[PDB]
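Presented as structure tokens, the chain that follows is alone, the form deposited in one PDB entry.
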């Protein structure tokens, strides 16, 4: 027997290494039911690659529970929380502002920022890679995309961190989050009244239906999006490579391999460990007949280590075929900043490899956040030289 599954209330040691946990449940059964009341609604956890793909592509499974606070206003038009209707119009909106075209031209600036961060990082005995590089890099890149002042990166990040307090994937948390939400709102509303902001504002100045609240809420999502994902990718990437010195060393000596490495590092330990859905109709999955209204949880980290799809899943193999891992999702809700995130991943990782020769040497001090959805270290100390 195994205890009832749930992503909340995980032992700190399992948070550090969840994969063996996924494996035992996955070997037991592809889908696991974790009952409610009665009063319900019941939840179903999907551990298999194929079933996760089924979950993510089924139109009958939507994002919000559809019955069988400057924070509330900031979070209310975040694209990651909208279903197809509201969702379709908004996604189409900012989609091409994150095109390979814009990202490609942004890469040189991303590298410049990564380099600058390292320069400072190099000036301390035992640096924190999270607070000193992984966390500030996404903030700084998106800030340059929004035309925000570079020097605000530290303040903005502090608030992004505060905002996380109220996350449903975590545990007076709302106080800090509301404080932050109000701080962001006041901040961005002042910005609207004077470059992605320009375009979003300009859209309203020339007839495009956009509320100042919508532009503001949008800015807060984009500003905090990479901080809760890319940051975690980079920090865990350092942990993975230190644990796999053969790959770390090959990467140092084969720069052109960075892209494939990032794809495999993403498969191996993805930043977002799960995405939730709600059944709008009865569904069958695994051996389960899932009633309309049940909550369905797609375990991306579990899917990415599914031996049925990835042979020897625990081996870090940069030679696997690309475009299979589901770390950026799959379907209509496929990560919007996937292109931008991938560029920050490759550029930031290369910066670290070329910037910290002893990255793979010595011991490290790591502490993970009590979060099994946005998964990663809250701090990663490194013994340098």
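Take the two forms, find the largest set of C-alpha atoms that superpose within 1.5 Å, and that set is the rigid core. Residue numbers count along the first chain shown, from 1.
Omitted from view is the form deposited in another entry, to which the following refers.
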property	result
Which of 208, 254, 95, 104 is displaced between the shown form and the other one by 2 angstroms or more at its C-alpha, rigid core aligned	208
CA of residue 76, rigid core aligned, shift of 2 Å or more between the shown form and the other one	yes
Flag for residue 33, CA shift 2 Å or larger between the shown form and the other one after aligning core	no
